[PDB]
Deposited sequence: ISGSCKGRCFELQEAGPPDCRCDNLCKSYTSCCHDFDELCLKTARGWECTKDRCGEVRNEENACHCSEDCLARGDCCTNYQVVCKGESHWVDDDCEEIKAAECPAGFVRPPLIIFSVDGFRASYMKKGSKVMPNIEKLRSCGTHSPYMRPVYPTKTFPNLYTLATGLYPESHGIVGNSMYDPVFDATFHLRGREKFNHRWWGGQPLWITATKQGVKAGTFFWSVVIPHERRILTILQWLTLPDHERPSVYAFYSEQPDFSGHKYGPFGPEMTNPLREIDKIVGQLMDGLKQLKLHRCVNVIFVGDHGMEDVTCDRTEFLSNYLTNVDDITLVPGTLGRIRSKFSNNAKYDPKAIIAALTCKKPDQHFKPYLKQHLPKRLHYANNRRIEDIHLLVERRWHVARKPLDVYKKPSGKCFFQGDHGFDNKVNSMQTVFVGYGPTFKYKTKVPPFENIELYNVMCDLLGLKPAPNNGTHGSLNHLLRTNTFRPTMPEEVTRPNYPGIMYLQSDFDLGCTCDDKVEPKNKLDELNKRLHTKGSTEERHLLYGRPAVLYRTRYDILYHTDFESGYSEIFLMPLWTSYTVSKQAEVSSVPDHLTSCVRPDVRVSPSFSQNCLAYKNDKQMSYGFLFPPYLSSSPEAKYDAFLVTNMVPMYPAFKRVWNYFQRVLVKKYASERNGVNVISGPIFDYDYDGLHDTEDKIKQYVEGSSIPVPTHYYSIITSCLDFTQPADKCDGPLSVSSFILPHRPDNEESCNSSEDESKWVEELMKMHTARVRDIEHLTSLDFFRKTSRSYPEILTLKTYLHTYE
């Protein structure tokens, strides 16, 4: 009946005016029928059958029931069979492998329940069975990782919506817990109504993907005011619905342990209770499912949004100690900083000046300013109009605020997503996940694809790498295919004499490709060039290599370049003068110098060293960046070879002038070496590969591979590195670590595909390419 929730509690629709609502989200729109509390939120006698209620006469006021008709009526407390029928709690039962789903007739697929926990730090799982026994049984009997990496910013809204969509925040649009959109001229806040406007929420979240493909997602979101125990009872009742109504996916959200973590810090002794209380809810779910005989039917994901760090009031940096004018800016503060102009019509606003005022001003200053395009590419945090041009990455354990006038809290989060304290949890338990299986850490951007696979859905386009988590599942409906090469290489031979060239250059005169050539995944023209010490894929369009590959053995020697050869550049008789760089361009560019992708310092002989001076191995480099690049090539590469028992290196340029994380078409390139068609890269990458079993040398490795990579910003100064006035051994490797990257990041930024001929399974190589070497 319209106007009442009788017979309608938690109906799977949102009734519109003139009717009122009886669904799980009605409270959040202040729209519930007058009798919703009375009928749908019963609380009498709490959530647990006790021995004195067994054989009770049913009382309709009770939150849940313990009577002999309750299973037929669909309303037992989750512990009814345990207390009254001699059954065991789920947690007390032995792990038993689930070799196939055991679902009731009419279940077309295993249901999926996503149990999300706010601020659940990875290391809380160490507390184990004494504190969280149900969760520990899911973890030990199911599939788990040591941690899961959140997205940046490591806050709730960006992370939950990444879980929902498979997208980086810059793509889904929820780039913070608070944001300003200049086109809407509106502000999104944690507290308030503006966030409920769907206009903010981009991409295609799981519930929509499901509905579009005819999979029932029901009423996906709960009003958070509804107690957890009622949500669990409701999910279980929904799972008893007829085939034509019953949803196939459910979500639960707990605001704990985040709520307490803010008050008490990540390891306050007060944190124990909230973790026990979460475990009690997990136990109710699992007992409830066993009661319905669905405990070997439903896939359960237990997942956090981010971790929690020790952060106090007194550890706050104030912009007023740096800026000569704090009144003309608006700051989004806290564990990150975003700065824009306070007023719209402010011609005086100068982001570059503000950045300079914030750069390396105090020793051990606890934040670093960036223009968004200069942030580490691994953060993927730039390509959205809601991201302010000025960003502050704040040091773990610190806050930033505008003025002192701006302790009540002991924990916070939001920091760089490679910070260990920000890591969170993943457990997958059920028929589709593996049994008692540990998997390596992975990123939360990958989970949307997994949830799609679990539900038989085709994922919308997203930033996960589909196939990269196939090792979490007992059975895989998705078989990834290697992308086809788009441009086939040319293989030029000797076509010229040195005297055919007038480049203004002067000179006073497969082992190196271990995992197959990269594939070029865009339309272009390029040459494979072979040399004694290195191989390259030379672009005739960009006039430089797209990639340069070389193997350095553990015993390789580093040599210097003789004085008489420091400016040696040689024409390449395989490549037309028309598709070559020239040395006059560099001489005429007061700001630009050059470096080499294969370093002369690692030549195998003084005769082979002449290959390293080829014009086809040169790339444009600011002198400030050459400090970085020379140290990497002359010092670090050999160090890594010694540590890793040889390394294979692939290095190259990246062009991303519009900071979308994608390889630029030529029209986007904004800078060239003066008076030339030689484009200036925005970054230089390297992918460094060796044998995971370091007792085998990198070029004779029988097993899995070990990889680490970076994307270095190609900057005309070293203002980013506050200790750059010192020797490179004090600061270069620190810069490299900050700019660590996944191979997949480089693939997007270059339209290349790597690791195509390793003789390992492709899903394993996908995992390898999504690996991030964090340095913690």
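Against the full deposited sequence, the model leaves out several stretches, namely 407-414, 518-539.
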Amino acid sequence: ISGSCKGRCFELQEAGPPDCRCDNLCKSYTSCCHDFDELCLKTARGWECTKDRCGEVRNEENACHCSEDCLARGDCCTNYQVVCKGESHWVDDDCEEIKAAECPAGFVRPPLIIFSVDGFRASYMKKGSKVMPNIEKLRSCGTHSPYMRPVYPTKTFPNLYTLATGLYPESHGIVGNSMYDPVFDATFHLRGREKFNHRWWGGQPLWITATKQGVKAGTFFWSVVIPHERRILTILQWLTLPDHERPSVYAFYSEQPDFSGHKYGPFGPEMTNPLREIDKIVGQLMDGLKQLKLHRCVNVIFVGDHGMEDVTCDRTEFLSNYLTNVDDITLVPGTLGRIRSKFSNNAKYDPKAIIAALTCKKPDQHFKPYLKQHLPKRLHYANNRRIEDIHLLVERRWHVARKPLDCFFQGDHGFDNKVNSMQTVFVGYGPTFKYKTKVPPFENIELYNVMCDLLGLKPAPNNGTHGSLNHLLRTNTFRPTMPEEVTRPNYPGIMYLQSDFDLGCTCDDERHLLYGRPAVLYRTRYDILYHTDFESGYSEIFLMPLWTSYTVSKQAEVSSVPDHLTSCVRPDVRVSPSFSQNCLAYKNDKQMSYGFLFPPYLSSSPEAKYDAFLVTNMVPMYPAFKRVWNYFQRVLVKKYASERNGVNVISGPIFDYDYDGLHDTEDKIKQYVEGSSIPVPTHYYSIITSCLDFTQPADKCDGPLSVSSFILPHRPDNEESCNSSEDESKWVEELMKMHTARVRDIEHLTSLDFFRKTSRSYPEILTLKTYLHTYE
From here on, numbers count along this sequence of modelled residues.
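Mean CA B-factor, 533-541 versus 351-359: the higher value falls on 351-359. The PDB entry reports B-factors from which the mean C-alpha value can be compared for 257-265 and 128-136; the larger average falls on 128-136. Of the residues listed, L546, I114, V282, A105, the entry assigns the biggest Cα temperature factor to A105. Within the selection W398, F433, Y381, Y515, the deposited Cα B-factor values reach their highest point at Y515. Split the chain's modelled residues into thirds by C-alpha temperature factor. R634 is in the middle one. Ranked by C-alpha B-factor against the other modelled residues of its chain, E734 falls in the middle third. The deposited CA B-factor of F442 belongs to the lowest third of values across its chain.
In this PDB entry, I494 carries a Cα temperature factor that places it within the middle third of its chain's modelled residues.
In the deposited entry, the Cα temperature factor of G166 sits in the bottom third of values across the chain's modelled residues.
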